[PDB]
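Below sits a lone chain in structure tokens, taken as the form deposited without the ligand.
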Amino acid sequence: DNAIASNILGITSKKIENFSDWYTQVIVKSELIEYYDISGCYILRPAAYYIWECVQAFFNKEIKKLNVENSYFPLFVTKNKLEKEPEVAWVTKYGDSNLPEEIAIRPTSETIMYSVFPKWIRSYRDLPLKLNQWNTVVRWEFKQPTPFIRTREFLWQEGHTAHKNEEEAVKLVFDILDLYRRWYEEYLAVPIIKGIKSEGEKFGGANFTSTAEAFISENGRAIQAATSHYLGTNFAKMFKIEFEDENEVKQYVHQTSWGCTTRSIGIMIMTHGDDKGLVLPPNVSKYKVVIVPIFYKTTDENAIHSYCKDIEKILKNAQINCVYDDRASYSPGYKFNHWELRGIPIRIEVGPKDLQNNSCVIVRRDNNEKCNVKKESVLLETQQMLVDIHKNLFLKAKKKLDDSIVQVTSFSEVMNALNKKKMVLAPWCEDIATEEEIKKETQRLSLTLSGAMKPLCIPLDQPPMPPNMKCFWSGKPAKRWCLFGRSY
């Protein structure tokens, strides 16, 4: 429990050698996650919840442009109402007395909301209806949990809309999907692959499911990053959500729903984190800069302290939040590891020579590259470097994603691509019967998580398909290229 020894040790598992232990150490030592006495439930500490507040402000600002309004619906669903559509958590008593009708924690708010929609929708003048919630949902599974990405309770947003026809809803589905892209690219520097889910992997209530897929290249696992469904009139028939149209004729509404969870944070940690600890894209880090003082003698102490307070004022006047670790009990080297492990994008060092030159040293977190900068240039160099740190993080990640995809044309090359922690891009006939056949065979040939291969998504960005190409599995005419891989 010695501070210096713990500081020098940092993360002690190498990301590439022991990924599972590497991930646990990072989330605990960078002060993101705390554990709890109920399995599969975790505490979001400030540094983690700050990230959620950043993406929440962005997604709010964007869905307002689509005229989507936030709201809040009850945490509880009556058994009577939920079972009008079996791992839900059930409230059965208050104090010591049983409830006459059991009560479920929402796993999602479909039945809670769509049950009231008919009261709000009477004619076309009431459409479209566009609602969003920021809440938690509970799903009591006994699979092995994993912080951020696979938990019994998790924070998310769920948005639900209803439209007068199909095209206006289908357009909204993909408009939201691109906001999920920007959520991951512009804020978490994580590249995703837009696609359509296979028939066997889509949401049971949707006509189609569009998805944003991410890939964890260190363990070879694909993970769904966000989702956006076109529900059609399926839920309008269940709940009788009708309206009178412009011709005075009763019609069903066309609905969409879409969500993104704190799994996005987990994906971001697994992408950018290195053997030093957390690595934060500037847009989700509270402190963009850490100012560390360095003292050669005891005489230059009052000057360097004042010089660091000048740089702090320069950055904070430009609304660039920072922190000046003026603690006298720790060495500069200690502070370097301290804030590197916590993922601060930029470190500014001020020493005696840097003060004699009226300059400073600015170190990047992603690649540890240093450069000397004049004091009057500190603000401009910091601004451009925060932008380049993001771009570098994203481009390096997009490289790892692209290199994780092996385009194949026969099944005889599938197992070799899987065992190299990759996913295959294969031409597929999209027949639903083949989805389980591919799972059973890929896991059979694999010799804890599963070894089976499942249809991840059919990408929107389709490679050229020669009109005579056949399915990599059945040999029947192929329809589109499909990503297949191992998942959680």
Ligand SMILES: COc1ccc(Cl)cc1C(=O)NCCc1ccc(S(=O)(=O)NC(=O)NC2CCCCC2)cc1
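Note that residue numbering begins at 1 and tracks the sequence as displayed. Shifts are known only where both forms have a C-alpha. We call the rigid core whatever largest set of C-alpha positions still superposes within 1.5 Å between the two forms.
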query: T448 coordinate gap across at least a third of other entries; finding: yes
query: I103: gap in at least one third of other compared structures; finding: yes
query: Count class of coordinate-free deposited residues lying between the neighbours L447 and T448; finding: 4 to 9
query: Unmodelled stretch of the deposited sequence separating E153 from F154, binned as none, 1 to 3, 4 to 9 or 10 or more; finding: none
query: Mean C-alpha temperature factor, higher of 468-476 and 21-29; finding: 468-476
query: Mean C-alpha B-factor comparison - 348-356 and 70-78, higher one; finding: 348-356
query: Given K171, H160, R327, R106, the residue at which the Cα B factor reaches its maximum; finding: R327
query: C-alpha B-factor winner, where the candidates are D178, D366, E340, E83; finding: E83
query: B-factor third for the C-alpha atom of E213 within its chain; finding: lowest
query: Among modelled residues of the same chain, the CA temperature factor third for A225; finding: lowest
query: Record-listed C-alpha B factor of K65: chain third; finding: lowest
query: Chain third (lowest, middle, highest) by recorded CA B-factor, residue given as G451; finding: highest
query: Modelled-residue ranking by C-alpha temperature factor, third containing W258; finding: lowest
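The form solved in complex with the ligand is left out here; the points below concern that form.
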| query | finding |
| --- | --- |
| Open vs blocked, site of the ligand as found in the deposited bound form, superimposed, 2.4 Å to backbone or C-beta | blocked |
| Answer option from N207, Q251, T262, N283, heavy atom within 4.5 Å of the ligand in the deposited bound form | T262 |
| Contact residue in the deposited bound form, from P345, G273, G195, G266 (heavy atom within 4.5 Å of the ligand) | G266 |
| Interface stretch in the deposited bound form with the ligand - options 436-444, 53-61, 23-31, 459-467, non-hydrogen atom within 4.5 Å | 23-31 |
| Interface membership of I223, the ligand in the deposited bound form, 4.5 Å heavy atom rule | yes |
| Touches the ligand in the deposited bound form: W473 (any heavy atom, 4.5 Å) | no |
| Contact flag, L44 vs the ligand in the deposited bound form, heavy atom cut 4.5 Å | yes |
| Distance check, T233 to the ligand in the deposited bound form, heavy atom within 4.5 Å | no |
| Flagged residue of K297, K119, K391, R125 - C-alpha shift reaching 2 Å or more between the shown form and the other one, core superposed | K297 |
| Core-superposed C-alpha of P459 shifting 2 Å or more between the shown form and the other one | no |
| Is_shifted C41 between the shown form and the other one (CA, 2 Å cut-off, rigid core) | yes |
| Consecutive stretches, 3 or more residues long, displaced between the shown form and the other one (C-alpha shift of at least 2 Å once the core is aligned) | 36-42, 75-78, 109-111, 151-154, 297-299 |
